[PDB]
Amino acid sequence: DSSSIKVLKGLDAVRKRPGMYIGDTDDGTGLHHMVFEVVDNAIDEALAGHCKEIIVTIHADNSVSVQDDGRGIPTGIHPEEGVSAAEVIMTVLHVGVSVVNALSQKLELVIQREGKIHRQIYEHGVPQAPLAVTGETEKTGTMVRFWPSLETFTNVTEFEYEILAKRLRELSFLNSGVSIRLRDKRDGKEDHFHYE
Ligand SMILES: CNc1cccc2cc(C(=O)Nc3ccc(C(=O)O)cc3)c(=O)[nH]c12
């Protein structure tokens, strides 16, 4: 199946030359760019008028989650490639959320839409299983939590609050109307960014 082959070549490509996709993997810039890429996806959903709140969280285990209250990534199985439209978005190259997926040792996807909660787990960009319904809900949105591969990233491996805060504040400025929360579980620090 062409599609599976393609996807794995893409993932492999990104892990072999991460500099070409995420930036420097020693100085922290690439590592923080992982967060910004995921956030940019949530910003699109806000720009489209479906997302009002985005929540960025620094977890104690040095992963980062991004939650929006948008529509939820479509979950219906694409006829054309045999898996959830969400998995296509998470894995197909073109920088795209697939790059962050490729360079994460684990990624967790939680989608709320059409009354159902769906969940999928990825490792180094590869799904452990197809997207599956775990429950019901009245809410909508997309939550992506990722744990960056320490095979890829060295030296600066811990997320730095201030670096995330500066960029998220910039993004709220550029995208007037979007409301962004940043919360650090390591010490309870939090901020709310919202402009005009
Ligand atoms: C944390 N959030 C987050 C992380 C990473 C990727 C995405 C991707 C989307 C997205 O693709 N939404 C979307 C919604 C509806 C439809 C439709 O046709 O109904 C098509 C696309 C998103 O909303 N949020 C994301």
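When a ligand or atom number is given, it counts from 1 through the structure's own listing order. Just so you know, these numbers use all the heavy atoms, side chains as well, and skip hydrogens, waters and symmetry mates. The first residue of the sequence shown is numbered 1, and numbering continues consecutively from there.
With contacts defined as side-chain heavy-atom distances shorter than 4.5 Å, the pair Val97/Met90 qualifies. Annotation: side chain of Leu171 is not in contact with side chain of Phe193 (no heavy-atom distance under 4.5 Å).
Considering both main-chain and side-chain atoms, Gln67 never comes within under 3.5 Å of ligand 1 through any nitrogen or oxygen pair.
Counting only distance, with no hydrogens or angles, the side chain of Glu158 and the backbone of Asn62 share no donor-acceptor pair below 3.5 Å.
With respect to atom 3 (C) of ligand 1, the closest heavy atom belonging to the protein is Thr142 CG2, 3.5 Å. Among all non-hydrogen protein atoms, the one lying nearest atom 24 (N) of ligand 1 is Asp68 OD2, 2.9 Å. For atom 12 (N) of ligand 1, the closest non-hydrogen atom on the protein side is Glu45 OE1, 3.4 Å. The protein non-hydrogen atom at the shortest distance from atom 10 (C) of ligand 1 is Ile73 CG1, 3.9 Å. Given atom 5 (C) of ligand 1, the protein heavy atom at minimum distance is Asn41 CB, 3.6 Å.
Counting the atoms of ligand 1 from 1 in the order shown, those under 4.0 Å from a heavy atom of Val66 are 1 (C). Each of the following atoms of ligand 1 lies closer than 4.0 Å to a heavy atom of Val144: 4 (C). Within ligand 1, the atoms closer than 4.0 Å to a non-hydrogen atom of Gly72 are 14 (C), 15 (C), numbered from 1 in the order shown.
Scanning both residues, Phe153 and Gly30, for their nearest heavy atoms gives CE2-C, 3.6 Å.
None of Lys116, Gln112, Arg113 except one satisfies the side chain to side chain donor-acceptor pair (under 3.5 Å) rule with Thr137; the exception is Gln112.
Remark: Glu160 CD is packed, more than 12 non-hydrogen atoms of other residues, nucleotides or ligands lying under 6.0 Å away. Annotation: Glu136, atom CD; neighbour count of heavy atoms from other residues, nucleotides and ligands within 6.0 Å does not exceed 12.
Taking a 4.0 Å cut-off on heavy atoms, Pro74 registers as neighbouring ligand 1. Put simply, no part of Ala48 is less than 4.0 Å from ligand 1, judged by heavy atoms. Residue contact check for ligand 1: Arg113 places a non-hydrogen atom closer than 4.0 Å to it.
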Apply side chain to side chain contact (heavy atoms under 4.5 Å, CB included) to the pair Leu103 and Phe146, showing each step before the final yes or no.
CA-CA 9 Å; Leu103 305 180; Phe146 71 88; over 6 Å; no

